[PDB]
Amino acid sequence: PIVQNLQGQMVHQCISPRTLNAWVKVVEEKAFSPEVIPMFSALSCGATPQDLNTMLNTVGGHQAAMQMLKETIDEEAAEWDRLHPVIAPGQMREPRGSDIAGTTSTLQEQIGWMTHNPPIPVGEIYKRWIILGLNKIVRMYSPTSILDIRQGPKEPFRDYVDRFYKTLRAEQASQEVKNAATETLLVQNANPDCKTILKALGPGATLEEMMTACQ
């Protein structure tokens, strides 16, 4: 990554063994459960494109996912090139999409862009592309559709709501989209005894109020 030294300059630092292992382990244990994405983002704080490729490439298995991600990255890189078409001796060159993705750029080139004044934040740009690709994989690999999340006849309302919002989260539902699904489905698919209670609360009931009423 790039970190700040004591002088106040942004300098390169090796990716740590703890960072490397943490990312490998979370994929091993959680695959593409939705909470892996914020973990990838946090573990890749300050990452160069090289560091981002290191993290992706240290994943063994899930190679269908990793190949889909490459295809998403190539699409995003192709769009970058469409909007930013691109040498003076000793001067900074403009990055291509594949430079941002770390496959045609050197580490020192990446550092130069990231620490430039103003910076070309190739690490942040690449990370956005990766997360776009990971979000498609999370959505693709969700085992449940929200329409099939119905409360069981003896299922605690709390457990049903957990499934409902887990499923919705895997869908990358906006707050707009998440609120539409709740309004359309949450009460309507609660079990009969809980459903009558929630209707009395009205459309303005908070989730907290609904969960208290059906406990």
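For every residue, the number given is its place in the sequence shown, counted from 1.
Asks: Would 39 to 47 or 171 to 179 have the larger average of its C-alpha temperature factors, as given in the entry?
Replies: Comparing 39 to 47 with 171 to 179, the higher average CA B-factor belongs to 171 to 179.
Asks: If you average the CA temperature factors as listed in the entry, which stretch comes out higher, 123 to 131 or 87 to 95?
Replies: So the stretch with the higher mean C-alpha B-factor is 87 to 95.
Asks: What's the residue among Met66, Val187, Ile149, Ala31 with the greatest CA temperature factor in the PDB record?
Replies: The C-alpha B-factor peaks, among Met66, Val187, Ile149, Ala31, at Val187.
Asks: Could you place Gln13 in the lowest, middle or highest third of its chain by Cα temperature factor, using the values in the record?
Replies: Middle third of the chain for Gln13's C-alpha B-factor.
Asks: If you rank the chain by CA B-factor, which third does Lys154 end up in: lowest, middle or highest?
Replies: CA B-factor rank for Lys154: highest third.
Asks: In terms of the CA temperature factor given in the entry, to which third of its chain does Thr103 belong: lowest, middle or highest?
Replies: It belongs to the lowest third of the chain when residues are ordered by C-alpha B-factor.
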